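Given next, in structure tokens, is a single chain: the form deposited in one PDB entry.
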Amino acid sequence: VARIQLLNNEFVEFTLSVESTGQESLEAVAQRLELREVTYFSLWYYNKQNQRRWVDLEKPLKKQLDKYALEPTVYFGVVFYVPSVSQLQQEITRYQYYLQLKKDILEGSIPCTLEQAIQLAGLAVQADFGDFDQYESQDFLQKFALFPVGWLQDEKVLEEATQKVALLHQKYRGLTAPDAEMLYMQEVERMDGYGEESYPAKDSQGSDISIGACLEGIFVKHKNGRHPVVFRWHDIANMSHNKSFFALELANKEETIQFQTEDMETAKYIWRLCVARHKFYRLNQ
């Protein structure tokens, strides 16, 4: 009854029961991939406004899609990001993680400079194509584009960037795909934006902010940029949602912090992901 886009961008049709949960569908994908470390992963969909929303894994999936999704398609992905990918035990887990981190770079959720894009491309081509070959390299320049279509609009810049990636590819001769993938993920893990999911909100004064979860806790960014704040997981005594508001209680403060979101439903969703991430980093730390 279902369509899932995997991290390799392949669409698979999955025939599951009527009232089967999001967890059940997640487990069937994992079984297909022979993925054993499923806890890092989940499924998301485009809602009726085409905003991405992770599924509620403990509820029937059909009814979630019937009610909130424009189309009955879900997407496999990483919901819980680790501080160090060496914590991932099996190669299949690491490969799936690697595909997700590449998508985060391609989609700009983890911004990168041109230099960073070049260095990452160098490891990725070794991971994805094996050892450099002078003939396959020139063929590649015709088959595919190395950088996303809008990143380098300047012909000479694109050419020098591409040649630099080629030189790095040659320097990585002999790296196995799992090793190249690990080096790639070890660089992406130290990049700003890694493991962050943000949402618009307003603070108690009416100012526009970005709030979200990061490796270290709940963060608040003001348009200032002058002072970003993180409430570390260990310091958060409680979290709640009520109508459009998402709220934090800190252990060291009898003053709770309130964030106004767009929706009652958005507040509930943000609260749910923040609670799940708090639980994860409690276990993982």
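Heads up, when I say rigid core I mean the largest set of C-alphas that superpose within 1.5 Å between the two forms. Residue positions are given as counts along the sequence shown, with the first one as 1. Shifts are known only where both forms have a C-alpha.
This next part talks about the form deposited in another entry, which is not shown.
With the two forms fitted on their core, the C-alpha shifts between the shown form and the other one stay under 2 Å for all of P111, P178, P148, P83 except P148. Relative to the superposed rigid core, the position of the CA of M264 differs between the shown form and the other one by less than 2 Å.
Relative to the superposed core, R36 undergoes a C-alpha shift smaller than 2 Å between the shown form and the other one. In the core-superposed comparison between the shown form and the other one, the C-alpha atom of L16 has shifted by at least 2 angstroms.
Cα-Cα spacing of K103 to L141 is reduced in that other deposited form versus the present form (difference of at least 3 Å). Between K103 and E136, the Cα distance is greater in that other deposited form than in this structure, by no less than 3 angstroms. Segments of 3 or more consecutive residues in which every C-alpha moves by 2 Å or more between the shown form and the other one, counting only residues present in both forms and fitting on the core, are 14-18, 133-139, 141-160, 253-255.
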